[PDB]
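First the structure, in the form of structure tokens, and then the observations on it.
The sequence lines fix the lettering, A, B, ..., with proteins before strands; numbering per chain opens at 1. Indexing begins at 1, ligand by ligand and atom by atom, following the structure's order. Below, all heavy atoms of this structure are taken into account, side chains as well, without hydrogens, waters or symmetry copies.
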Amino acid sequence: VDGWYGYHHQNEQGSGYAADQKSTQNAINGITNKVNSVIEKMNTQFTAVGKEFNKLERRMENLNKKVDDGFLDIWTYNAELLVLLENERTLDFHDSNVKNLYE
Amino acid sequence: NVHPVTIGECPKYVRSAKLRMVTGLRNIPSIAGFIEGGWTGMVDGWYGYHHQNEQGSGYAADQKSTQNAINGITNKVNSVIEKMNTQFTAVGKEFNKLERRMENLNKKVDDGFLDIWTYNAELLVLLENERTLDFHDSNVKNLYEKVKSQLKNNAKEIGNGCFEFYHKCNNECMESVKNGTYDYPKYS
Amino acid sequence: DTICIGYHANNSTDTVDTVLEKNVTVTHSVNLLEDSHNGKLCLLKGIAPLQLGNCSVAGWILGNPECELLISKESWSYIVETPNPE
Amino acid sequence: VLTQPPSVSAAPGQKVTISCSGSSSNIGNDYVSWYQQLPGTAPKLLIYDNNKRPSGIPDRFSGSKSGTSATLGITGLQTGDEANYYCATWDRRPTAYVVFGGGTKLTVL
Amino acid sequence: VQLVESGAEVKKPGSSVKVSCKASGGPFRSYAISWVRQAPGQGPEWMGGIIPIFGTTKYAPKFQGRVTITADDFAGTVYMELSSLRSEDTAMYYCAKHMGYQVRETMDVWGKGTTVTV
Amino acid sequence: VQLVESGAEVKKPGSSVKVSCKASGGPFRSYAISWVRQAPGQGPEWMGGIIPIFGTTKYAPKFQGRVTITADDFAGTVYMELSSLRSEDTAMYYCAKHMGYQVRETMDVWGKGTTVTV
Ligand SMILES: *[C@@H]1O[C@H](CO)[C@@H](O)[C@H](O)[C@H]1NC(C)=O
Ligand SMILES: *[C@@H]1O[C@H](CO)[C@@H](O)[C@H](O)[C@H]1NC(C)=O
Ligand SMILES: *[C@@H]1O[C@H](CO)[C@@H](O)[C@H](O)[C@H]1NC(C)=O
């Protein structure tokens with residue numbers, strides 16, 4: 001319960017579980033760095049409200065709508081792709097850590 | 001990152017303050033193998049051997065694996081350069097006092113494009129930097145395994161990246177182990 | 001009688017950044033960002049620009065009495081204006 | 001340096017061998033390459049790795065090296081095979097550098 | 001791969017001349033680049049070469065001290081500067097490429113060449 | 001790394017008080033965070049700590065039952081709530097950080113501290 005990787009030992013005086021404090025620390029360091037980098041790469045939104053147009057200004061309204069929709073599409077794609085791609089690397093990282101400890 | 005407004009053949013403008021791409025290895029200046037650290041005495045390549053026998057000792061570089069590493073790194077850098085196109089003439093516009101909505105729309109478009117391109121550049125550099133180092137580590141491991149899969153029982157692995165021969169072999173044996181053509185039956 | 005496998009090291013002090021790590025010293029690297037200029041207006045492939053000076057676009061195109069010297073110039077590569085023309 | 005005969009000549013369709021005798025430092029411990037130079041053009045690589053030929057080189061060109069001396073052999077001589085020929089190697093002892101041969105003029109009859 | 005040199009030069013004794021070689025393809029190369037020269041009625045002479053990535057430069061003992069070879073990678077150009085010109089420096093210069101990243105005796109691609117007269 | 005506590009409080013017996021500690025740097029930390037208190041003329045007393053990622057919380061037998069430690073990670077804040085205040089709870093409180101992710105006896109960074117009077 002006290003870590004991510006560890007040992008189980010059994011000898012004449014008894015048996016029990018223990019956690020490797022050394023490798024868990026590097027794993028935590030890497031994961032924390034990754035999450036902080038992901039948070040930092042995205043900036044906060046400021047005030048952004050809409051505009052108004054009269055009946056003889058339909059082309060400007062359509063251009064405004066096009067710009068808004070395009071930016072929204074691009075940012076949704078970016079966020080989803082980033083999450084999907086990092087999720088696999090995390091699991092590969094954990095597997096490599098366990099294999100390195102065994103070796 | 002000098003100015004958004006440019007005339008001629010110019011690089012792309014970003015808000016970043018640092019964009020550096022690694023092409024070499026980790027700098028770990030530590031005779032033992034690769035498990036302890038790097039060798040400052042090996043200068044002509046990225047990976048190599050250190051040999052010690054009755055006639056002397058010395059360093060040498062593996063010309064074969066360094067060539068593939070250089071090929072891959074050069075291809076990666078060229079691809080990164082090619083995926084980004086040069087900026088052409090791009091200057092601003094002017095509006096009068098009754099045209100504030102058009103000015104705000106122009107500013108919004110400019111800011112959005114700048115944000116997107118800054119994000120793209122930074123993410124690309126950050127993601128390629130890790131793959132380069134993993135590539136180098138895999139190359140070193142492959143060289144070690146290729147050498148280990150050629151001596152079999154005629155040598156002892158002492159666990160630091162070095163092999164100790166059970167038989168005695170001169171410079172020709174070393175030059176044959178570093179060659180890929182080593183006669184196991186001859187020294188059995 | 002002994003053979004060892006190893007890699008390269010030098011005395012470089014350049015550092016790169018990674019998703020999992022920061023501030024990592026490496027042996028070789030390249031810089032992709034430019035942040036310097038010379039601070040002067042200079043020719044563009046052998047063609048000089050048009051400098052207005054005190055004048056604006058309206059004064060240059062209307063024939064302001066203080067913009068006479070601009071009359072003789074009829075080719076340019078770009079136009080340079082002053083932040084607050086008079 | 002690498003020494004070659006200054007001039008060798010033979011009839012068309014014959015076989016010609018061009019030699020070159022260096023020392024144990026230049027040829028006796030390194031590979032030899034053979035280049036051809038036509039008048040008004042840059043030298044063209046003929047043989048490398050002491051027996052290998054690049055793509056586009058005909059089979060009638062061959063090379064070998066015994067001990068200290070290397071040999072370039074040409075068969076099926078034509079009128080267009082009259083040019084200068086140079087042997088080059090990678091000398092390495094005090095300060096390594098590329099060394100070219102003296103050159104040999106091949107005249108056809 | 002094509003290598004293109006700069007134009008011809010006419011210099012005075014005691015002056016210096018810089019020449020450039022441009023290589024087709026990607027800006028970054030995985031092969032070394034060498035400079036060779038040839039006087040009329042004589043044979044080729046190797047001057048020096050440069051190595052990719054590492055950036056090491058090698059020169060010849062005859063030319064050591066007077067020649068300087070540099071490279072610019074983001075434009076794919078190689079520069080050679082020679083100083084203290086004499087009457088015997090009149091020759092034709094080529095830039096040549098190797099198959100590998102190391103400077104060796106085998107060059108497979110040569111340039112047209114450019115003439116330097118004093 | 002700098003740790004900043006909240007302001008001073010004046011409470012009545014039987015009430016409850018919540019205090020917060022903010023840590024500089026990235027919102028997510030790789031080290032545990034503990035709370036310590038000291039009465040005037042006495043020595044420090046350890047209250048309890050919290051562990052990153054896992055989220056485990058540990059308390060002291062003296063303070064078990066009355067104290068609650070929570071964390072908010074996306075703002076980088078740690079909260080401590082104490083209830084059933086008495087006259088002996090008047091003391092100065094610090095938030096301290098450990099070198100590792102585990103709660104141990106070695107704390108290397110301390111905060112300024114904030115006073116709670118009853
Ligand atoms: C090394 O390999 C080359 C070619 O693979 C061969 O010609 C040479 O004889 C080998 N050297 C030894 C010492 O076996
Ligand atoms: C250190 O690097 C410098 C070049 O910046 C040069 O003196 C040499 O390559 C290195 N010297 C030592 C003693 O490591
Ligand atoms: C521009 O205006 C300034 C006023 O400070 C004047 O001194 C100058 O002569 C004018 N013309 C030019 C070409 O600068």
Side-chain angles (χ1 to χ4, degrees), chain B residues 24-25 27-30 37-45 48-49 51 53-55 58-65 67 146-147 150-151 154 165 167-187, chain C residues 3 8-15 25-31 40-41 48-60 64-73 76 79-86, chain D residues 27-28 30-33 47-51 63-67 70 90, chain E residues 50-51 53-58 70 99-100 104 106:
Chain B
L25 315 138
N27 218 1
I28 310 167
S30 81
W39 292 335
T40 37
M42 210 191 54
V43 295
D44 40 344
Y49 320 91
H51 94 265
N53 71 342
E54 325 92 53
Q55 328 184 231
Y59 293 97
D62 195 41
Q63 174 240 291
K64 268 277 314 293
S65 32
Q67 187 70 74
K146 185 192 58 57
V147 169
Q150 209 177 0
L151 305 189
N154 304 3
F165 293 84
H167 60 282
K168 289 326 111 194
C169 74
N170 45 299
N171 277 1
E172 280 88 284
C173 139
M174 294 301 182
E175 283 292 47
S176 143
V177 173
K178 307 182 324 227
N179 207 1
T181 68
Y182 167 75
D183 221 324
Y184 175 79
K186 170 174 171 170
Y187 297 103
Chain C
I3 199 173
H8 179 73
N10 58 29
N11 62 351
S12 143
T13 39
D14 309 309
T15 55
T25 316
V26 290
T27 55
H28 300 100
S29 49
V30 293
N31 191 36
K40 317 246 168 282
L41 301 160
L50 169 79
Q51 289 181 256
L52 297 189
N54 289 204
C55 310
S56 41
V57 174
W60 163 51
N64 198 301
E66 309 270 272
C67 312
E68 307 233 5
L69 288 168
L70 291 159
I71 276 161
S72 66
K73 219 223 199 293
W76 53 86
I79 290 142
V80 200
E81 223 197 11
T82 278
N84 273 316
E86 295 277 86
Chain D
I27 298 184
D30 224 295
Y31 301 66
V32 188
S33 303
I47 257 70
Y48 76 94
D49 263 314
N50 215 165
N51 45 35
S64 189
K65 178 197 82 71
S66 309
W90 174 247
Chain E
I50 195 173
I51 284 177
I53 295 297
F54 289 88
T56 318
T57 321
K58 315 199 160 8
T70 53
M99 332 190 176
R104 297 296 180 191
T106 165

Closest protein heavy atom to atom 13 (C) of ligand 1, given as residue, atom name and distance to 0.1 Å: B:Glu172 O, 3.9 Å

Between E:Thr57 (side chain only) and E:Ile50 (backbone N and O only), is there a donor and an acceptor less than 3.5 Å apart? no

Within the 3.5 Å criterion, strictly below it, is a donor on C:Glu66 or C:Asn64 matched to an acceptor on the partner's side chain? no

Considering only protein heavy atoms, which is closest to atom 2 (O) of ligand 2, and at what distance to one decimal place? C:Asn11 ND2, 2.4 Å

Distance below 4.0 Å between atom 9 (O) of ligand 1 and any protein heavy atom? no

Considering non-hydrogen atoms of the protein only, which is the closest contact for atom 1 (C) of ligand 1, and what is the distance? B:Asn179 ND2, 1.4 Å

Do side-chain atoms of B:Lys178 reach the backbone of B:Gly180 as a donor and acceptor pair under 3.5 angstrom? no

Protein heavy atom under 4.0 Å of atom 5 (O) of ligand 2: no

Looking only at protein heavy atoms, which one is nearest to atom 11 (N) of ligand 3, and what is the separation? C:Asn54 ND2, 2.9 Å

Check: B:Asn171/B:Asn53 side-chain N/O donor and acceptor closer than 3.5 Å: yes

Compare every heavy atom of C:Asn10 with every heavy atom of C:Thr27, then report the nearest pair and how far apart it is. O-ND2, 3.6 Å

